[PDB]
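Every chain is numbered from 1, with letters handed out A, B, ... down the list of sequences. Side chains included, hydrogens not; waters and symmetry mates left out as well; all remaining heavy atoms used.
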Amino acid sequence: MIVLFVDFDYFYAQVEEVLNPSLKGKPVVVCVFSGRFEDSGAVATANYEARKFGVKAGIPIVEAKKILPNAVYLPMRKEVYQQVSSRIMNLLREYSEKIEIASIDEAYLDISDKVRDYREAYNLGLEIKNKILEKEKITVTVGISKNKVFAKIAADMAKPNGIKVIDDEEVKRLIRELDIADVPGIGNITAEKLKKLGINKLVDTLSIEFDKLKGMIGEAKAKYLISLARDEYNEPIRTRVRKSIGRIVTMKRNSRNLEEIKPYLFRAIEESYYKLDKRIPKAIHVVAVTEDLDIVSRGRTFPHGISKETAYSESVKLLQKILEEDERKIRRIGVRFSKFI
DNA sequence: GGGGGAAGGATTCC
DNA sequence: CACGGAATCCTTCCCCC
Ligand SMILES: Nc1nc2c(ncn2[C@H]2C[C@H](O)[C@@H](COP(=O)(O)OP(=O)(O)OP(=O)(O)O)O2)c(=O)[nH]1
Ligand SMILES: [Ca+2]
Ligand SMILES: [Ca+2]
Ligand SMILES: [Ca+2]
């Protein structure tokens, strides 16, 4: 089995660049302005010119300007990036039917029944990078190996604008020398939990007693890490289907006042319903980011679809249920619709 | 003992 | 200061064969 993984470079910023080539070369930071104050917000992402100086995704815009006061700060435009992604995903289908669209900017292609080895795969990769650059003008990174996880790491290592082949031999080197925290799915919190067990490489998970591992990071993670370490991990390329759609917005100021929170919640419901596109959800969740940046939610599943009118009415009750069970002030509020009909 | 679902929380960035 | 979207997993609670 041969898996090919494509991941677009600094995608959002790169898109802003394609839509305005004069940006090429300058540091570009795509931002999400909350509207709390002049420059309040966070960095969506930034091109490498800016990333080399510490401006990455997540930090406050304000902190970005303290580092690169003269970089180009553009507001984030999801819709556009969304349509640019789609177009690219379509070129990929022109290489395989078995394709899993993992996110807005990466996909796994099953090319096992279309190539005979890795040198011929390395070739199909260069082919794809070129077809994407020529058509949409976007540079991507390609990762190639036996399963999805290893293909992603290959990419992770070749970024940016690269292509790497992690073959069966190297898979052996990696399971030994690979830093466990560099494995897709191991975040800082799962990364630290594994330290307390003295696990620094995939191989270490083999020598610890399952029930202990299983009781430190949960059954799923554990079996996942083990199969990888044992070289017997091999999940298939699945055609993913959206199971959720929603929107969360930030308010001008924290509050626990129902009437001054509703407007944000209703707008979230409107943009939400517009994106459903013919789809009818049976479950709705009201999500709230409290003041100490802690997330809370309250949902309801219906035996039928939810009309926009029932959405408005029901979300208000769930918000009320939130302000009643939680004493904290609310910073961000939104809605999420699921269990589509 | 345990299927199956729903709900609220936790974690990754896949 | 610290935005935003969505998948997957964990745990407790329920209902009940
Ligand atoms: N709003 C927001 N968007 C994010 C965040 N992180 C990632 N994104 C979006 C914008 C990125 O362009 C897009 C693709 O994410 P990637 O992890 O692949 O990062 P990117 O492609 O930007 O750089 P990369 O070449 O992969 O190192 O995901 C975030 O924290 N907030
Ligand atoms: Ca990317
Ligand atoms: Ca990506
Ligand atoms: Ca990591």
Side-chain angles (χ1 to χ4, degrees), chain A residues 12 29-45 57-66 73-79 81-82 104 187-189 242-277 279-341:
Chain A
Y12 292 14
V29 185
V30 179
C31 318
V32 178
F33 296 96
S34 68
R36 292 206 138 185
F37 54 79
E38 189 162 64
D39 284 307
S40 58
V43 173
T45 193
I59 74 177
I61 293 184
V62 165
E63 291 301 302
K65 288 168 184 290
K66 277 161 60 71
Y73 290 94
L74 303 171
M76 177 188 99
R77 298 188 292 194
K78 269 306 291 284
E79 291 216 63
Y81 314 139
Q82 177 55 62
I104 195 186
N188 289 297
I189 290 178
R242 276 283 145 281
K243 298 171 177 49
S244 254
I245 287 170
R247 177 126 179 55
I248 305 178
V249 300
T250 298
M251 310 191 267
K252 282 58 186 181
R253 40 161 291 206
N254 289 48
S255 169
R256 294 186 82 288
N257 183 309
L258 194 65
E259 281 304 300
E260 58 189 59
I261 294 179
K262 284 185 183 184
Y264 295 110
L265 174 53
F266 290 169
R267 187 181 202 166
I269 283 178
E270 280 296 311
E271 294 172 58
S272 292
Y273 229 80
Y274 179 70
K275 291 192 299 183
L276 281 179
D277 180 71
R279 266 174 294 203
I280 300 189
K282 295 202 311 307
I284 171 181
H285 290 72
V286 171
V287 179
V289 185
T290 65
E291 40 188 354
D292 41 37
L293 297 302
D294 191 45
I295 308 177
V296 303
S297 60
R298 288 293 186 276
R300 173 87 117 69
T301 294
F302 292 79
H304 58 277
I306 309 179
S307 76
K308 186 185 294 177
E309 195 40 64
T310 289
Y312 276 84
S313 179
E314 181 64 13
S315 71
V316 168
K317 300 187 180 70
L318 295 167
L319 179 54
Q320 289 175 298
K321 183 172 181 178
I322 297 182
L323 289 176
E324 160 48 54
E325 296 186 58
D326 211 306
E327 282 76 55
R328 281 174 294 192
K329 212 167 301 176
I330 300 182
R331 183 189 171 69
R332 305 180 71 220
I333 196 66
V335 290
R336 183 147 296 286
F337 291 105
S338 65
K339 302 190 188 187
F340 300 136
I341 278 176

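- The closest donor-acceptor contact from the side chain of A:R331 to the backbone of A:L293 lies at 3.5 Å or more, if one exists at all.
- Between A:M76 and A:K78 the shortest heavy-atom distance is CE-CG, 3.3 Å.
- Of the N and O atoms on the side chains of A:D292 and A:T290, at least one donor lies less than 3.5 Å from an acceptor on the other residue.
- The backbone N or O of A:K339 lies less than 3.5 Å from a partner atom in the side chain of A:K282, making a donor-acceptor pair.
- Side-chain contact check for A:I248 versus A:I333: every heavy-atom pair is 4.5 Å or farther apart.
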For the pair A:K262 and A:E259, evaluate salt bridge (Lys or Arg N to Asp or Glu O under 4.0 Å) and give the outcome as yes or no after the intermediate values.
-> CA-CA 5 Å; A:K262 284 185 183 184; A:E259 281 304 300; 2.8 Å; yes
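- Between the side chain of A:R36 and the backbone N or O of A:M251 there is at least one donor-acceptor pair closer than 3.5 Å.
- At distances below 3.5 Å, not a single donor-acceptor pair connects side-chain atoms of A:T45 with backbone N or O atoms of A:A57.
- Rounding to the nearest 0.5 Å places CG of A:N257 at 11.5 Å from NZ of A:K329.
- When atom types are taken as modelled, the side chain of A:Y73 and the backbone of A:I61 share no donor-acceptor pair closer than 3.5 angstrom.
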Intermediate values then yes/no, side chain to side chain contact (heavy atoms under 4.5 Å, CB included), A:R300 and A:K317 = CA-CA 10 Å; A:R300 173 87 117 69; A:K317 300 187 180 70; over 6 Å; no
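- Screening A:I330, A:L319, A:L318 against A:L265 for a side-chain contact (heavy atoms from CB on, under 4.5 Å) leaves a single residue, A:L319.
- A:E324 CD to A:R256 CZ: the interatomic distance, rounded to the nearest 0.5 Å, is 8.5 Å.
- Shown here for A:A42 and A:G58, the closest heavy-atom pair between the two residues is CB-O, 4.1 Å.
- Contact between A:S272 and A:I245 at its shortest, heavy atoms only, is O-CG2, 4.0 Å.
- Using a 4.5 Å heavy-atom cutoff, the side chains of A:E325 and A:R298 are in contact.
- Smallest separation of non-hydrogen atoms from A:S315 and A:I284: CB-CD1, 4.1 Å.
- One finds a salt bridge joining A:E270 and A:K308 here, because a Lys/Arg side-chain nitrogen approaches an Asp/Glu carboxylate oxygen to under 4.0 Å.
- Heavy atoms only, all atoms of each residue included: A:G305 and A:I280 are closest at CA-CG2, 3.4 Å.
- Enclosure of atom OH in A:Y274 is not indicated, since only 12 or fewer non-hydrogen atoms of other residues, nucleotides or ligands lie within 6.0 angstrom.
- Other residues, nucleotides and ligands contribute only 12 or fewer heavy atoms inside 6.0 Å of the CG atom of A:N188.
- Atom CD of A:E38 has 12 or fewer heavy atoms from other residues, nucleotides or ligands within 6.0 Å.
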Working for side chain to side chain contact (heavy atoms under 4.5 Å, CB included), residues A:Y12 and A:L74 | CA-CA 10 Å; A:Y12 292 14; A:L74 303 171; over 6 Å; no
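- With a 4.5 Å cut-off on side-chain heavy atoms, A:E314 and A:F302 count as touching.
- The local environment of CZ in A:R267 is sparse, with at most 12 non-hydrogen atoms from other residues, nucleotides or ligands closer than 6.0 Å.
- When side chains are defined from C-beta on, A:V335 does not count as touching A:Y273, because their heavy atoms never get closer than 4.5 Å.
- Here the closest non-hydrogen pair linking A:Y264 and A:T250 is CE2-O, 3.9 Å.
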